[PDB]
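Protein chains in written order, with the UniProt record's numbering: chain P, 55 to 105; chain W, 2 to 92. Every residue, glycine too, gets a C-beta built ideally from N, C-alpha and C. Below: one structure, written as structure tokens.
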Amino acid sequence: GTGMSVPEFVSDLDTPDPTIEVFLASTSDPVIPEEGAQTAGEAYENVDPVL
Amino acid sequence: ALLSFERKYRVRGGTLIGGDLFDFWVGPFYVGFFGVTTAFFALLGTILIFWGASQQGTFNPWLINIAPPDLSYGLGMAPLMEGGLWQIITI
């Protein structure tokens, strides 16, 4: 009775964010590290945060 | 009681429905088929409003509130204590 609501068109509710499918086409699962695996620092010359 | 010039206008006839089954006056008010229906509907609505007020918990004229149902009921009929009273009073 207080008038607190949010209206939306039904056809608009069925159109998702078009950028959702772009992210799912560019993602991948992480790879569990093995015992004493080689790091990125020892193979190239990189910066400490990603070393 | 009539006005000084009123008696010559109070003739019989001119009804959409009913004839002289309801063709009279009560005080100054004219009664007809639609006077009867008006009385019924208005009295029922007012009494139902006061019943809802008594079940709400307040008789304060500023604070009485009878509300429509929740949006999850759609266009169907709600329980009388959760919004059905509003629908009956609207009718």
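Asked                                                                                                                                                       : Found
Would a C-beta distance cut-off of 9 Å place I90/W and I50/W closer than the cut-off?                                                                       : yes
Could you round the C-beta distance between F23/W and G36/W to whole angstroms and report it? I think they count as a contact, below 8 Å.                   : 7 Å
Going along the chain, which residues of its own chain have a beta-carbon closer than 8 Å to the beta-carbon of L105/P, five neighbours each way excluded?  : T93, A94, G95
What are the residues that DSSP puts in a beta bridge with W26/W?                                                                                           : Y31/W
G77/W to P69/W, Cα distance in whole Å?                                                                                                                     : 12 Å
Take the Cβ of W52/W as the centre, count every other Cβ of all protein chains shown within 10 Å, and call the residue buried at 16 or more, exposed below. : exposed
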